[PDB]
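Novice: Task: produce atomic coordinates for the following.
(2 chains)
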There are 2 protein chains.
Amino acid sequence: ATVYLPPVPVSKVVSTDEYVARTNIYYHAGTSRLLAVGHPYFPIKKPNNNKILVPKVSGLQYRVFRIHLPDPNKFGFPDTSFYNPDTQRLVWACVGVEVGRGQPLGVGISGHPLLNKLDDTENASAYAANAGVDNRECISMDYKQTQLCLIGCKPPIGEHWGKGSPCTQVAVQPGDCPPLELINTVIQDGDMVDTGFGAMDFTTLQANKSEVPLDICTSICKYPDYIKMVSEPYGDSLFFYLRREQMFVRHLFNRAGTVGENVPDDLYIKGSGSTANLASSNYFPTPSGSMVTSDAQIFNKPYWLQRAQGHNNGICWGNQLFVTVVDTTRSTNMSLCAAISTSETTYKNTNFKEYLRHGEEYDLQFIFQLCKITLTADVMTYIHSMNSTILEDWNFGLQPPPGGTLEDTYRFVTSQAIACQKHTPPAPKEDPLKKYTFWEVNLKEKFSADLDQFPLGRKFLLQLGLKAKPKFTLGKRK
Amino acid sequence: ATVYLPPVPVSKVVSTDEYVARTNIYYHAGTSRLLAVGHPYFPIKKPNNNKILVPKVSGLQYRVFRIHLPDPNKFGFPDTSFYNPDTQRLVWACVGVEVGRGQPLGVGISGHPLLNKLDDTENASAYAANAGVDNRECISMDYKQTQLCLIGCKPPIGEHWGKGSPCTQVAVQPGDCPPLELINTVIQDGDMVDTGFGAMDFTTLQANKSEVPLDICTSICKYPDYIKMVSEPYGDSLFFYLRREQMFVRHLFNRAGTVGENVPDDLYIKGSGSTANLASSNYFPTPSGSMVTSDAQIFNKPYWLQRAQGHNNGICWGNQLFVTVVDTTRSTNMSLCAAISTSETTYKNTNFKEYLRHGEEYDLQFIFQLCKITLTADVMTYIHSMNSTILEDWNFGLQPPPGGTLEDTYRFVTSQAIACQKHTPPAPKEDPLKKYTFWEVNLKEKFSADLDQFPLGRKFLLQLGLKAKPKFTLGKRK
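Specialist: Numbering: from 1, shown residues only, chains lettered A, B, ... in the order given. Below you will find the coordinate block:
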């Protein structure tokens, strides 16, 4: 005819849901309530090995979850007269996410036994000046409140400051502290969130390497970059996000070490004592939360999707979801000990072996609407400019008489114990949306037609208004 | 395209029997008999040199001929064209072949002066007769009866177990058999059939290199890989095969050499005497050829190809036919002698020097049908997806150049240089064969249009139209 085919144009820019037709077939899925039990400070490892016994897990750390979904076409159902692959394909839409939380109220504990600290800024108890005696006290604090969630379907980018271009002398010095330049990179699980010492590295950035707690000392601090993802024009990176966050200053303190900083002698009169001695500008705010209650949560509340913020409506492109959740409002650490031999009721370390843990619970409950994509060449070719991969998976054509399979393929192991060998099996693979480890959530075996067995789907029913479904009734309670 | 490469196919692969029309125009061809006189055991080379004086020829190896055919569109025609040469193109179909044997009934023979054989273990005589220095014997066999012929147009696939190489994950040393991996390769001329040790290489499995005859040590031994071929729908690699093979167990024997195996020493009770020790548990059945009969000849009777395994029925996508023949049943070895001197007037075995040859005949008679493939735009797209080279060879749009200009080396002549001279003169040239290893039969003008005076022909007229004979055929009763 036709022949060819413009895309149809990329510079005609449209909803990513002007060609995705929803249907009223709904399924439910969720988890069992996943648990990770770490140590807040670091991992407590075997000291003969690098293998962990106790990981490092807190709520002050990124919980990045990789939700996996089948292609719906490939998933069976007992009734299926809504898809024909000679005409259409299928793709999931998630239309509701409930974040179950079930932990006590409590907050993560962070500290350094050799935290740099000299005097009180809040008082004038002692001087901040030159000091060749460097004080290091055992101080601990809880970090700031961070609650957020983002639900997306592609990997999400947080920003931090790295060490950019260098200085011409050594770094972290008067007048030769280097240029710190912004490296946006994908959020990592179990790397640190923002902590109230800002979002940056500390290993190479901080060359003292001892002024800040252990959990962020060896680790990067990063904050999710919202601006960038909402300035992407398909909004697949994320398409829903929310936050509730605040810091409280525990107290400003001043670090020990001498003064390198310049004090102009044209801004103060000369005398004796104080008016002839230099002053430290080595203050650090101490991060802490302002108040924490379980009614100050943003969690435990259903999120009803029906047209995402992004140009998505909440479509699982690739049939995956990337959920990155932070919760600190609950992030309790529990202390335990084991007596090996009581022989005095008064503490001894040949008795009571103190232990610290943090236990972390999360549940994710879901209702997924099925939607369809028609196989139209104009849509297909436009999808191809956006990303060819969904198309290639569906598979179209030759295969001249047929290559790859069949052929007839393949030979023939099927391992025994000889087996056939040599082997060295073929390689390890990385997923194309995986760059960094996530807390994997497989969902490929839990789909229910009925939604009355789960409180998240009922609540969806009542909110939906089919058929027509109470809603509420009173009382409650009273 | 678009849509899309095509569709559909794949799945369901369009037969070349829905738009490829047969015509009633027949040509006839055949060969003038083929004769090759070798030495089956080894080629006899001049050992002062490296070149053959008697080749290796045998019916106990594949005789695989690469037949190259004209194309009908090269002809000036006798007027077989009534339509435009771009609405259709012409291709041959071969509709009957007879493969004749000119060799008498009687088998060929192979052997080895030092076949690795210890003692007889069918019914004892020993446990071992040796486990030190030497023990091999003068022993000959005719390998198993195999008759088969198979016809394709692309190269056949063979299977054999190649050397999987000793592994060091599971304990296998030299002096233990390797794990064995099936390494499949094209059936090519000079290659040996299956011997009933399995079908495997012997060039690097054998390390004495003298367990078996001179002939199979220096070949790859193969079994036909029917399995992958009959799973190509088109069947371009073969669209015809048949087999008849059989073998009987002559006598159980034990190989020369000591166990390398690990025997659990707890599956018997120890004796006293001869019964205390163990023989070598390297027993092998000794195979041997079958009785030859004229009711086993699959040859000198016509194989029709009016219908074929594939969609292919001899349809030229290269203008080549591959015909593989095995005949072990008329592969007579004829014995003869010449006297070294007439200085010896008595009977001596240092006088009359026995010599063996094998003479090998093949004749192939062919009847060729003229066929056409009707081309529409849609058809042309299917072929383009299929194998683009076919369109170009036929000659079909759309080709760039132009092209131009200048050139260099201008005037004069040379003349010194000046001028230019670069110089620099072109074309190595290099290099792919695409021979690969076949007995070349050129057919290009052995084509005819009468088929009343070829024997195959007469029978084909009888079968097709029920006429003409020409007067009469057979009996009656008789």
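Novice: For burial, what's the neighbour tally of residue A:89?
Specialist: 18 (other Cβ atoms under 10 Å in any protein chain shown). C-beta: built from backbone N, CA, C; applies to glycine.
Novice: for it, helix, strand, or coil?
Specialist: State at residue A:89, reduced to three classes by DSSP: H, G, I helix; E, B strand; the rest coil: strand.
Novice: Confirm for me that it is in contact with residue A:74.
Specialist: No: Residue A:89 is beyond contact range of residue A:74, at 10.1 Å (criterion: Cβ atoms under 8 Å).
Novice: Show me whatever sits in contact with both of those two.
Specialist: Residues touching both residue A:89 and residue A:74 (Cβ atoms under 8 Å, 6 or more residues apart in numbering or on different chains): there are none.
Novice: and the longest strand belonging to chain A with chain B, contact?
Specialist: Assignment by DSSP state E gives strand A:352-374 as the longest strand of chain A. No: with Cβ under 8 Å from any Cβ of the partner chain as the criterion, chain B is not reached by strand A:352-374; the gap is at least 13.2 Å.
Novice: partners of that strand, with directions?
Specialist: Partners of strand A:352-374 in the sheet, by DSSP bridges, are strand A:20-30 (antiparallel), strand A:34-38 (antiparallel), strand A:88-100 (antiparallel), strand A:333-339 (antiparallel).
Novice: Return the most buried member of those strands.
Specialist: Across those, averaging neighbours per residue (mean count of other Cβ atoms under 10 Å in any protein chain shown) puts strand A:88-100 on top, at a mean of 21.
Novice: immediately after that strand, which helix or strand?
Specialist: As assigned by DSSP states H and E, the chain's next helix or strand after strand A:88-100 is strand A:110-116.
Novice: for residue A:383, helix, strand, or coil?
Specialist: helix.
Novice: My understanding was that it contacts residue A:391; is that so?
Specialist: Yes: applying Cβ under 8 Å as the test, residue A:383 and residue A:391 come out as touching, 6.4 Å apart.
Novice: of the two, who's got more company?
Specialist: Applying other Cβ under 10 Å to residue A:383 and residue A:391 shows that residue A:383 carries more neighbours, namely 19 against 16.
Novice: if I look at the more buried one, how far off is residue B:419?
Specialist: Distance, residue A:383 to residue B:419, by Cβ to Cβ, to the nearest Å: 59 Å.
Novice: which residues sit in contact with the closest residue in space to residue A:373 that isn't next to it in sequence?
Specialist: In this structure, residue A:373 finds its nearest non-sequential neighbour in residue A:89, 5.1 Å apart by Cβ to Cβ, 6 or more residues apart in numbering or on different chains. With contacts defined as Cβ under 8 Å, 6+ apart, the neighbours of residue A:89 are A:71, A:73, A:83, A:372-373, A:375, A:394.
Novice: can you give me the offset of stretch A:187-194 from its chain's centre?
Specialist: 6 Å (Cα atoms, centre = their mean, to the nearest Å).
Novice: Show me what counts as buried in it.
Specialist: Within stretch A:187-194, the residues scored as buried using 16 or more other Cβ atoms under 10 Å in any protein chain shown are A:187-194.
Novice: What residues sit buried inside stretch A:429-449?
Specialist: A:438-439, A:441, A:443, A:447.
Novice: And those residues, which is closest to residue A:60?
Specialist: Using Cβ to Cβ, residue A:439 comes nearest to residue A:60 of these, at 15.7 Å.
Novice: Bridge partners for the nearest residue to the closest one once chain neighbours are set aside, pull those for me.
Specialist: Spatial nearest neighbour of residue A:439, chain neighbours left out: residue A:65 (5.1 Å); criterion: Cβ to Cβ, 6+ apart. Under the criterion DSSP bridges, residue A:65 forms beta bridges with residue A:323, residue A:439.
Novice: who are the neighbours in contact with residue A:65?
Specialist: So residue A:65 contacts A:322-325, A:362, A:364, A:438-441 (Cβ under 8 Å, 6+ apart).
Novice: which among the residues you listed gets closest to residue B:124?
Specialist: residue A:440 (64.9 Å).
Novice: mind listing what's buried in stretch A:274-283?
Specialist: A:280, A:282.
Novice: Show the end-to-end separation of it, please.
Specialist: End-to-end distance of stretch A:274-283 (Cα to Cα, to the nearest Å): 19 Å.
Novice: neighbouring contacts of that stretch?
Specialist: With Cβ under 8 Å, 6+ apart as the test, stretch A:274-283 has contacts from A:118, A:121, A:128-130, A:252-257, A:259, A:261, A:263, A:268-270.
Novice: on that earlier part again, distance to residue A:182 added to the contacts of residue A:65, as CSV?
Specialist: Shown next, in CSV, are those (distance: Cβ to Cβ, whole Å):
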residue, distance to residue A:182
A:322, 22
A:323, 25
A:324, 19
A:325, 24
A:362, 30
A:364, 32
A:438, 24
A:439, 27
A:440, 30
A:441, 31
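Novice: who in chain A is up against chain B?
Specialist: Close to chain B, as judged by Cβ under 8 Å from any Cβ, chain A has residues A:4-5, A:86, A:377, A:380-381, A:396-402, A:406-409, A:411-412, A:417-423.
Novice: that older thread, tell me the two of the contacts of residue A:89 that are most distant?
Specialist: Pairwise distances across those peak at 14.1 Å for A:71 and A:375 (criterion: Cβ to Cβ).
Novice: Spatially, what comes nearest to the residue of chain A found nearest chain B if we skip its sequence neighbours?
Specialist: Closest residue of chain A to chain B, Cβ to the nearest Cβ: residue A:397 (2.8 Å). Spatial nearest neighbour of residue A:397, chain neighbours left out: residue B:5 (2.8 Å); criterion: Cβ to Cβ, 6+ apart.
Novice: what about the residue lying closest to residue A:213 once chain neighbours are set aside, how many neighbours?
Specialist: Leaving aside its sequence neighbours, residue A:213 sits nearest to residue A:110 (Cβ to Cβ, 6+ apart; 4.0 Å). Neighbours of residue A:110 under the rule other Cβ under 10 Å: 24.
Novice: Tell me what residue A:110 is bridged to.
Specialist: Taking DSSP bridges as the rule, residue A:110 bridges to residue A:141.
Novice: dump the residue contacts of residue A:64.
Specialist: A:187-189, A:322-324, A:436, A:438-439.
Novice: Quick one: the strands in the stretch 201-350 of chain A, in order.
Specialist: Taking DSSP state E, counting those that start in this stretch to define them, one finds strands in the stretch 201-350 of chain A at A:221-224, A:240-246, A:248-254, A:283-288, A:303-304, A:320-326, A:333-339.
Novice: so who does the residue nearest to residue A:419 when sequence neighbours are not counted touch?
Specialist: Nearest residue to residue A:419, sequence neighbours excluded (Cβ to Cβ, 6+ apart): residue A:413, at 6.3 Å. Neighbouring residues of residue A:413 by Cβ under 8 Å, 6+ apart: A:419-420, A:423.
Novice: Please identify which helix or strand holds residue A:413.
Specialist: Here residue A:413 is assigned to no helix or strand, by DSSP H and E.
Novice: before we move on, what about residue A:474?
Specialist: For residue A:474, there is no host helix or strand (DSSP H and E).
Novice: what number of residues lie near it?
Specialist: 6.
Novice: Ok, residue A:167 next?
Specialist: Residue A:167, neighbours per other Cβ under 10 Å, totals 13.
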